[PDB]
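Everything below belongs to target.tsv, which stores TSV, N, CA and C atoms.
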chain	number	residue	atom	x	y	z
A	1	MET	N	-12.90	-15.91	-13.98
A	1	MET	CA	-13.14	-14.44	-13.97
A	1	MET	C	-12.41	-13.76	-15.13
A	2	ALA	N	-12.89	-12.58	-15.52
A	2	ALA	CA	-12.29	-11.83	-16.61
A	2	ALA	C	-10.83	-11.49	-16.30
A	3	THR	N	-10.14	-10.94	-17.29
A	3	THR	CA	-8.74	-10.57	-17.12
A	3	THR	C	-8.48	-9.16	-17.66
A	4	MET	N	-7.52	-8.47	-17.05
A	4	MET	CA	-7.18	-7.12	-17.47
A	4	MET	C	-5.66	-6.93	-17.52
A	5	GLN	N	-5.21	-6.00	-18.35
A	5	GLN	CA	-3.79	-5.72	-18.49
A	5	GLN	C	-3.31	-4.73	-17.44
A	6	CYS	N	-2.82	-5.26	-16.32
A	6	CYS	CA	-2.33	-4.42	-15.23
A	6	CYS	C	-0.83	-4.18	-15.36
A	7	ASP	N	-0.39	-2.97	-15.04
A	7	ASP	CA	1.02	-2.62	-15.13
A	7	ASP	C	1.40	-1.63	-14.03
A	8	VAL	N	2.24	-2.08	-13.11
A	8	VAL	CA	2.69	-1.23	-12.01
A	8	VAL	C	4.06	-0.65	-12.30
A	9	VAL	N	4.18	0.67	-12.20
A	9	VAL	CA	5.44	1.35	-12.46
A	9	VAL	C	5.77	2.35	-11.36
A	10	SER	N	7.06	2.60	-11.16
A	10	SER	CA	7.51	3.53	-10.14
A	10	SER	C	8.62	4.43	-10.68
A	11	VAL	N	9.13	5.31	-9.83
A	11	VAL	CA	10.20	6.22	-10.22
A	11	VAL	C	11.51	5.47	-10.47
A	12	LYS	N	11.57	4.21	-10.06
A	12	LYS	CA	12.77	3.40	-10.25
A	12	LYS	C	12.66	2.54	-11.51
A	13	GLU	N	11.44	2.09	-11.81
A	13	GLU	CA	11.19	1.26	-12.99
A	13	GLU	C	9.91	0.45	-12.81
A	14	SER	N	9.52	-0.25	-13.87
A	14	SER	CA	8.31	-1.08	-13.84
A	14	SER	C	8.46	-2.22	-12.84
A	15	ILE	N	7.34	-2.68	-12.30
A	15	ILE	CA	7.34	-3.77	-11.33
A	15	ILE	C	6.48	-4.93	-11.81
A	16	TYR	N	5.31	-4.62	-12.36
A	16	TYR	CA	4.40	-5.65	-12.85
A	16	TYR	C	3.88	-5.30	-14.24
A	17	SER	N	3.45	-6.32	-14.97
A	17	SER	CA	2.94	-6.14	-16.32
A	17	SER	C	2.41	-7.45	-16.89
A	18	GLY	N	1.08	-7.59	-16.92
A	18	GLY	CA	0.48	-8.80	-17.44
A	18	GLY	C	-1.03	-8.82	-17.26
A	19	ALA	N	-1.59	-10.02	-17.14
A	19	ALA	CA	-3.03	-10.17	-16.96
A	19	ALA	C	-3.40	-10.29	-15.48
A	20	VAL	N	-4.55	-9.75	-15.12
A	20	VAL	CA	-5.02	-9.80	-13.74
A	20	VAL	C	-6.54	-9.90	-13.67
A	21	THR	N	-7.03	-10.71	-12.74
A	21	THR	CA	-8.47	-10.90	-12.57
A	21	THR	C	-9.07	-9.76	-11.76
A	22	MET	N	-8.27	-9.17	-10.88
A	22	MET	CA	-8.72	-8.08	-10.03
A	22	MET	C	-7.56	-7.48	-9.24
A	23	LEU	N	-7.54	-6.16	-9.12
A	23	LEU	CA	-6.49	-5.47	-8.39
A	23	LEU	C	-7.07	-4.51	-7.36
A	24	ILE	N	-6.38	-4.37	-6.23
A	24	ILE	CA	-6.83	-3.48	-5.17
A	24	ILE	C	-5.72	-2.55	-4.72
A	25	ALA	N	-5.88	-1.26	-5.00
A	25	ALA	CA	-4.88	-0.26	-4.62
A	25	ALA	C	-5.51	0.86	-3.81
A	26	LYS	N	-4.80	1.32	-2.78
A	26	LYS	CA	-5.29	2.39	-1.93
A	26	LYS	C	-5.24	3.73	-2.65
A	27	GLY	N	-6.39	4.37	-2.79
A	27	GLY	CA	-6.46	5.66	-3.46
A	27	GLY	C	-7.50	6.58	-2.86
A	28	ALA	N	-7.19	7.87	-2.79
A	28	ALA	CA	-8.11	8.85	-2.24
A	28	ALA	C	-8.43	8.55	-0.78
A	29	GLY	N	-7.57	7.77	-0.13
A	29	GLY	CA	-7.78	7.42	1.26
A	29	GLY	C	-8.51	6.11	1.43
A	30	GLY	N	-9.30	5.73	0.43
A	30	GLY	CA	-10.03	4.48	0.49
A	30	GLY	C	-9.46	3.42	-0.42
A	31	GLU	N	-9.95	2.19	-0.27
A	31	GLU	CA	-9.49	1.08	-1.10
A	31	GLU	C	-10.29	0.99	-2.39
A	32	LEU	N	-9.61	1.16	-3.52
A	32	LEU	CA	-10.27	1.11	-4.82
A	32	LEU	C	-10.04	-0.23	-5.50
A	33	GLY	N	-11.12	-0.98	-5.70
A	33	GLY	CA	-11.01	-2.28	-6.34
A	33	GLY	C	-11.42	-2.24	-7.80
A	34	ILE	N	-10.45	-2.43	-8.69
A	34	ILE	CA	-10.72	-2.40	-10.13
A	34	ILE	C	-10.93	-3.81	-10.67
A	35	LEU	N	-11.92	-3.95	-11.55
A	35	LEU	CA	-12.23	-5.24	-12.15
A	35	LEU	C	-12.14	-5.17	-13.68
A	36	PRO	N	-11.69	-6.26	-14.33
A	36	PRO	CA	-11.56	-6.31	-15.78
A	36	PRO	C	-12.82	-5.83	-16.50
A	37	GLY	N	-12.74	-4.67	-17.13
A	37	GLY	CA	-13.88	-4.12	-17.84
A	37	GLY	C	-14.43	-2.86	-17.19
A	38	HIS	N	-13.67	-2.29	-16.27
A	38	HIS	CA	-14.09	-1.07	-15.58
A	38	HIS	C	-13.91	0.15	-16.48
A	39	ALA	N	-14.61	1.23	-16.14
A	39	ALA	CA	-14.53	2.46	-16.91
A	39	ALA	C	-13.29	3.26	-16.54
A	40	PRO	N	-12.91	4.24	-17.39
A	40	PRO	CA	-11.73	5.08	-17.14
A	40	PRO	C	-11.86	5.89	-15.86
A	41	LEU	N	-10.89	5.71	-14.96
A	41	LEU	CA	-10.89	6.43	-13.69
A	41	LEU	C	-9.50	6.95	-13.35
A	42	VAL	N	-9.43	8.17	-12.83
A	42	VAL	CA	-8.16	8.77	-12.46
A	42	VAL	C	-8.20	9.28	-11.03
A	43	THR	N	-7.55	8.55	-10.13
A	43	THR	CA	-7.51	8.93	-8.72
A	43	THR	C	-6.08	8.89	-8.18
A	44	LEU	N	-5.78	9.77	-7.24
A	44	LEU	CA	-4.45	9.82	-6.64
A	44	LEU	C	-4.19	8.57	-5.80
A	45	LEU	N	-3.04	7.95	-6.01
A	45	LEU	CA	-2.68	6.74	-5.28
A	45	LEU	C	-1.94	7.10	-3.99
A	46	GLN	N	-2.51	6.67	-2.86
A	46	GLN	CA	-1.92	6.95	-1.56
A	46	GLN	C	-1.10	5.75	-1.08
A	47	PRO	N	-0.20	5.97	-0.10
A	47	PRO	CA	0.65	4.91	0.45
A	47	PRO	C	-0.16	3.70	0.90
A	48	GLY	N	0.12	2.55	0.30
A	48	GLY	CA	-0.59	1.34	0.65
A	48	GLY	C	-0.17	0.15	-0.19
A	49	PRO	N	-0.31	-1.08	0.34
A	49	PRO	CA	0.07	-2.30	-0.38
A	49	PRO	C	-1.00	-2.75	-1.37
A	50	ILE	N	-0.74	-2.52	-2.65
A	50	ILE	CA	-1.68	-2.91	-3.70
A	50	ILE	C	-1.57	-4.40	-4.00
A	51	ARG	N	-2.71	-5.04	-4.24
A	51	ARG	CA	-2.74	-6.47	-4.54
A	51	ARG	C	-3.19	-6.72	-5.97
A	52	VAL	N	-2.42	-7.53	-6.69
A	52	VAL	CA	-2.74	-7.85	-8.08
A	52	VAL	C	-3.13	-9.32	-8.23
A	53	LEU	N	-4.39	-9.56	-8.54
A	53	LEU	CA	-4.89	-10.92	-8.70
A	53	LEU	C	-4.75	-11.38	-10.15
A	54	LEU	N	-4.26	-12.60	-10.33
A	54	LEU	CA	-4.08	-13.18	-11.65
A	54	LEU	C	-5.23	-14.13	-11.97
A	55	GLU	N	-5.26	-14.63	-13.19
A	55	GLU	CA	-6.31	-15.55	-13.61
A	55	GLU	C	-6.05	-16.97	-13.11
A	56	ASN	N	-4.91	-17.18	-12.46
A	56	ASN	CA	-4.57	-18.49	-11.93
A	56	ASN	C	-4.97	-18.59	-10.46
A	57	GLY	N	-5.89	-17.73	-10.04
A	57	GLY	CA	-6.34	-17.74	-8.66
A	57	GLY	C	-5.26	-17.26	-7.71
A	58	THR	N	-4.25	-16.60	-8.26
A	58	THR	CA	-3.14	-16.09	-7.45
A	58	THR	C	-3.22	-14.58	-7.27
A	59	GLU	N	-2.43	-14.06	-6.33
A	59	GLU	CA	-2.40	-12.63	-6.06
A	59	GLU	C	-0.99	-12.18	-5.69
A	60	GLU	N	-0.63	-10.98	-6.11
A	60	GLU	CA	0.70	-10.44	-5.82
A	60	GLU	C	0.59	-9.13	-5.04
A	61	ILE	N	1.20	-9.11	-3.86
A	61	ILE	CA	1.17	-7.92	-3.01
A	61	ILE	C	2.37	-7.02	-3.28
A	62	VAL	N	2.10	-5.74	-3.49
A	62	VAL	CA	3.16	-4.77	-3.76
A	62	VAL	C	2.94	-3.50	-2.94
A	63	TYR	N	4.03	-2.96	-2.40
A	63	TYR	CA	3.95	-1.74	-1.60
A	63	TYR	C	4.24	-0.50	-2.44
A	64	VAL	N	3.34	0.48	-2.35
A	64	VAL	CA	3.50	1.72	-3.10
A	64	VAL	C	3.31	2.93	-2.19
A	65	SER	N	4.24	3.88	-2.26
A	65	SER	CA	4.18	5.08	-1.43
A	65	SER	C	3.01	5.96	-1.83
A	66	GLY	N	2.77	6.07	-3.13
A	66	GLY	CA	1.68	6.90	-3.62
A	66	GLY	C	2.10	7.75	-4.80
A	67	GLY	N	1.18	7.92	-5.75
A	67	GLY	CA	1.47	8.72	-6.92
A	67	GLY	C	0.23	8.98	-7.76
A	68	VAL	N	0.14	8.29	-8.90
A	68	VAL	CA	-1.00	8.45	-9.79
A	68	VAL	C	-1.56	7.10	-10.23
A	69	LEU	N	-2.88	6.97	-10.16
A	69	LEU	CA	-3.55	5.73	-10.55
A	69	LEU	C	-4.47	5.97	-11.74
A	70	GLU	N	-4.07	5.49	-12.91
A	70	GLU	CA	-4.87	5.66	-14.12
A	70	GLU	C	-5.49	4.34	-14.55
A	71	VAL	N	-6.82	4.26	-14.48
A	71	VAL	CA	-7.54	3.06	-14.87
A	71	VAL	C	-8.06	3.17	-16.30
A	72	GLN	N	-7.78	2.15	-17.10
A	72	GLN	CA	-8.22	2.12	-18.49
A	72	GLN	C	-9.27	1.04	-18.71
A	73	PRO	N	-10.07	1.16	-19.79
A	73	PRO	CA	-11.12	0.19	-20.10
A	73	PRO	C	-10.66	-1.25	-19.91
A	74	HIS	N	-9.63	-1.64	-20.65
A	74	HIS	CA	-9.08	-2.99	-20.56
A	74	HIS	C	-7.62	-2.97	-20.09
A	75	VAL	N	-7.19	-1.83	-19.56
A	75	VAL	CA	-5.82	-1.68	-19.07
A	75	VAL	C	-5.80	-0.98	-17.71
A	76	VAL	N	-4.77	-1.28	-16.92
A	76	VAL	CA	-4.64	-0.68	-15.60
A	76	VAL	C	-3.18	-0.32	-15.31
A	77	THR	N	-2.94	0.95	-15.02
A	77	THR	CA	-1.59	1.42	-14.72
A	77	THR	C	-1.57	2.21	-13.41
A	78	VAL	N	-0.72	1.79	-12.48
A	78	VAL	CA	-0.61	2.46	-11.19
A	78	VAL	C	0.81	2.98	-10.96
A	79	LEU	N	0.98	4.29	-11.04
A	79	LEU	CA	2.28	4.91	-10.84
A	79	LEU	C	2.51	5.22	-9.36
A	80	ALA	N	3.60	4.70	-8.81
A	80	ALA	CA	3.93	4.92	-7.41
A	80	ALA	C	5.34	5.46	-7.25
A	81	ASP	N	5.48	6.52	-6.46
A	81	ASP	CA	6.79	7.13	-6.23
A	81	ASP	C	7.83	6.08	-5.88
A	82	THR	N	7.38	4.98	-5.28
A	82	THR	CA	8.26	3.89	-4.90
A	82	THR	C	7.49	2.58	-4.79
A	83	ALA	N	7.86	1.60	-5.61
A	83	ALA	CA	7.20	0.31	-5.60
A	83	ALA	C	8.15	-0.80	-5.17
A	84	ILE	N	7.71	-1.63	-4.24
A	84	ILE	CA	8.53	-2.73	-3.74
A	84	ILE	C	7.75	-4.04	-3.74
A	85	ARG	N	8.29	-5.05	-4.40
A	85	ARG	CA	7.64	-6.35	-4.47
A	85	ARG	C	7.64	-7.03	-3.11
A	86	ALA	N	6.53	-7.69	-2.78
A	86	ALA	CA	6.40	-8.38	-1.50
A	86	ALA	C	7.51	-9.40	-1.31
A	87	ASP	N	7.98	-9.98	-2.41
A	87	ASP	CA	9.04	-10.97	-2.36
A	87	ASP	C	10.42	-10.30	-2.37
A	88	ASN	N	10.46	-9.02	-2.75
A	88	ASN	CA	11.71	-8.28	-2.80
A	88	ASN	C	11.87	-7.37	-1.58
A	89	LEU	N	10.76	-7.10	-0.90
A	89	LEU	CA	10.79	-6.24	0.29
A	89	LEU	C	11.81	-6.74	1.31
A	90	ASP	N	12.79	-5.90	1.61
A	90	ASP	CA	13.83	-6.26	2.57
A	90	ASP	C	13.35	-6.04	4.00
A	91	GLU	N	13.16	-7.14	4.73
A	91	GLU	CA	12.70	-7.07	6.11
A	91	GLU	C	13.78	-6.48	7.01
A	92	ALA	N	15.03	-6.77	6.69
A	92	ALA	CA	16.16	-6.28	7.48
A	92	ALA	C	16.22	-4.75	7.44
A	93	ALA	N	16.05	-4.19	6.24
A	93	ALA	CA	16.09	-2.74	6.07
A	93	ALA	C	14.95	-2.07	6.81
A	94	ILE	N	13.75	-2.64	6.69
A	94	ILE	CA	12.57	-2.09	7.35
A	94	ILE	C	12.70	-2.19	8.87
A	95	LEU	N	13.26	-3.31	9.34
A	95	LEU	CA	13.44	-3.53	10.77
A	95	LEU	C	14.35	-2.45	11.37
A	96	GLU	N	15.35	-2.03	10.60
A	96	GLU	CA	16.28	-1.01	11.06
A	96	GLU	C	15.58	0.33	11.23
A	97	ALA	N	14.85	0.75	10.20
A	97	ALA	CA	14.13	2.01	10.23
A	97	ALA	C	12.96	1.95	11.21
A	98	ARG	N	12.38	0.76	11.35
A	98	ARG	CA	11.25	0.56	12.25
A	98	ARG	C	11.67	0.77	13.70
A	99	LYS	N	12.84	0.25	14.06
A	99	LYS	CA	13.36	0.38	15.41
A	99	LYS	C	13.91	1.78	15.64
A	100	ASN	N	14.40	2.39	14.56
A	100	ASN	CA	14.95	3.74	14.64
A	100	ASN	C	13.88	4.74	15.04
A	101	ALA	N	12.68	4.56	14.49
A	101	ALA	CA	11.56	5.44	14.79
A	101	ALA	C	10.99	5.17	16.18
A	102	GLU	N	10.90	3.89	16.53
A	102	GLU	CA	10.38	3.49	17.83
A	102	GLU	C	11.21	4.11	18.96
A	103	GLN	N	12.52	4.06	18.81
A	103	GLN	CA	13.43	4.61	19.81
A	103	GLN	C	13.48	6.14	19.72
A	104	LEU	N	13.22	6.66	18.53
A	104	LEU	CA	13.23	8.10	18.31
A	104	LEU	C	11.93	8.74	18.76
A	105	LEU	N	10.85	7.96	18.73
A	105	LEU	CA	9.54	8.45	19.14
A	105	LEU	C	9.46	8.60	20.65
A	106	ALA	N	9.90	7.57	21.37
A	106	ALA	CA	9.88	7.58	22.82
A	106	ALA	C	10.73	8.72	23.38
A	107	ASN	N	11.76	9.10	22.63
A	107	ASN	CA	12.65	10.18	23.05
A	107	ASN	C	12.31	11.48	22.33
A	108	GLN	N	11.03	11.66	22.01
A	108	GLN	CA	10.58	12.86	21.32
A	108	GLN	C	10.83	14.11	22.17
A	109	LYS	N	11.44	15.12	21.56
A	109	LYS	CA	11.74	16.36	22.25
A	109	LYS	C	10.97	17.53	21.62
A	110	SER	N	10.87	17.51	20.30
A	110	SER	CA	10.17	18.57	19.57
A	110	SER	C	9.13	17.97	18.63
A	111	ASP	N	8.47	18.83	17.86
A	111	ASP	CA	7.45	18.40	16.91
A	111	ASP	C	8.07	18.01	15.58
A	112	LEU	N	9.22	18.60	15.27
A	112	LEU	CA	9.92	18.32	14.01
A	112	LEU	C	10.37	16.87	13.96
A	113	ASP	N	11.14	16.45	14.95
A	113	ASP	CA	11.64	15.08	15.01
A	113	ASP	C	10.48	14.08	15.04
A	114	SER	N	9.44	14.41	15.80
A	114	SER	CA	8.28	13.55	15.91
A	114	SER	C	7.63	13.33	14.55
A	115	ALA	N	7.43	14.41	13.81
A	115	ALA	CA	6.83	14.34	12.49
A	115	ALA	C	7.62	13.41	11.57
A	116	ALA	N	8.94	13.44	11.72
A	116	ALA	CA	9.82	12.61	10.90
A	116	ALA	C	9.78	11.15	11.37
A	117	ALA	N	9.95	10.95	12.67
A	117	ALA	CA	9.93	9.61	13.24
A	117	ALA	C	8.60	8.92	12.97
A	118	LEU	N	7.51	9.64	13.20
A	118	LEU	CA	6.17	9.09	12.98
A	118	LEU	C	5.99	8.67	11.52
A	119	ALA	N	6.36	9.56	10.60
A	119	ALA	CA	6.24	9.27	9.18
A	119	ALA	C	7.06	8.05	8.80
A	120	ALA	N	8.19	7.87	9.47
A	120	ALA	CA	9.07	6.74	9.21
A	120	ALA	C	8.49	5.45	9.77
A	121	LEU	N	7.90	5.54	10.96
A	121	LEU	CA	7.30	4.38	11.61
A	121	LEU	C	6.15	3.82	10.77
A	122	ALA	N	5.27	4.71	10.32
A	122	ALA	CA	4.12	4.31	9.51
A	122	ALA	C	4.58	3.68	8.20
A	123	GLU	N	5.56	4.29	7.56
A	123	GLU	CA	6.09	3.79	6.30
A	123	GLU	C	6.73	2.42	6.49
A	124	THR	N	7.61	2.31	7.48
A	124	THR	CA	8.29	1.05	7.76
A	124	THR	C	7.28	-0.04	8.11
A	125	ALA	N	6.27	0.32	8.89
A	125	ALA	CA	5.24	-0.63	9.30
A	125	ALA	C	4.48	-1.17	8.09
A	126	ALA	N	4.35	-0.33	7.06
A	126	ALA	CA	3.65	-0.73	5.84
A	126	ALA	C	4.42	-1.81	5.09
A	127	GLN	N	5.71	-1.57	4.88
A	127	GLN	CA	6.55	-2.53	4.17
A	127	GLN	C	6.55	-3.88	4.88
A	128	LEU	N	6.66	-3.85	6.20
A	128	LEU	CA	6.67	-5.08	7.00
A	128	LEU	C	5.33	-5.79	6.90
A	129	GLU	N	4.25	-5.03	6.99
A	129	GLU	CA	2.90	-5.59	6.91
A	129	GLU	C	2.69	-6.30	5.57
A	130	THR	N	3.23	-5.72	4.51
A	130	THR	CA	3.10	-6.29	3.17
A	130	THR	C	3.82	-7.63	3.09
A	131	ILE	N	5.02	-7.69	3.67
A	131	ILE	CA	5.81	-8.92	3.66
A	131	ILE	C	5.17	-9.99	4.53
A	132	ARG	N	5.02	-9.70	5.81
A	132	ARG	CA	4.43	-10.64	6.76
A	132	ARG	C	3.16	-11.29	6.20
A	133	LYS	N	2.38	-10.51	5.46
A	133	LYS	CA	1.15	-11.01	4.87
A	133	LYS	C	1.43	-11.99	3.73
A	134	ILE	N	2.39	-11.65	2.88
A	134	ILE	CA	2.74	-12.49	1.75
A	134	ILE	C	3.48	-13.75	2.20
A	135	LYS	N	4.53	-13.56	2.98
A	135	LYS	CA	5.33	-14.68	3.46
A	135	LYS	C	4.48	-15.66	4.26
A	136	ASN	N	3.47	-15.14	4.96
A	136	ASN	CA	2.60	-15.98	5.77
A	136	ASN	C	1.22	-16.12	5.14
A	137	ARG	N	0.43	-15.05	5.22
A	137	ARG	CA	-0.91	-15.05	4.65
A	137	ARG	C	-1.84	-15.98	5.43
A	138	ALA	N	-1.62	-16.07	6.74
A	138	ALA	CA	-2.45	-16.92	7.58
A	138	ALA	C	-3.22	-16.09	8.60
A	139	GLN	N	-4.11	-15.24	8.11
A	139	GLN	CA	-4.91	-14.39	8.98
A	139	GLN	C	-6.32	-14.94	9.13
Let's see the structure in the file written out as structure tokens.
Amino acid sequence: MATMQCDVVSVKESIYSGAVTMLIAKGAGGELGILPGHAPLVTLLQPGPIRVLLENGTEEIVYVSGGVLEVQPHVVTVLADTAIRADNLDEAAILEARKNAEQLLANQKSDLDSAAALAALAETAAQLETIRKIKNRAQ
């Protein structure tokens, strides 16, 4: 399959940069699949685990909170407020926040706390989902 110059960057620093056969990042609410040779596209990147496929039949899963996704003819750049490598994603950290929301949700008293706990649960669940998939990938 063809190859494209994909580069993932975040507010902390770059995460990926090289050749890719195909990448899939969540944008505009739906899953946008870019292929080597696609036309220029600019869509908002929403929270979701983007996958970067290489020419070696491999794929790299990365978690992005959401930001800006700029697609170029032979180049691809996805800016995310926060990018975490599937191999770097800390399960311990996510487990802490994941349980914090679960216990905070059941003890919901107002709408403010709920909005925060819920947002944390969904976010934490995303990071874990990205890891579990990479570390295992047996679905």
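Among A:50, A:4, A:106, A:122, the residue with the shortest atom-to-atom distance to residue 25 in chain A, counting only C-alpha atoms, is A:50.
Restricting the calculation to only N, CA and C atoms, the smallest distance between residue 24 in chain A and any of A:43, A:52, A:10, A:124 is found for A:52.
CA of residue 110 in chain A is found 29.2 Å from atom N of residue 64 in chain A.
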### Task
Tell me which protein, DNA and RNA residues are within 10 Å of residue 15 in chain A, counting only C-alpha atoms, leaving out same-chain ones fewer than 6 positions away, and put them as a PyMOL selection string.
chain A and resi 7-9+62+83-85
### Summary
CA of residue 111 in chain A sits from atom N of residue 123 in chain A at a separation of 17.0 Å
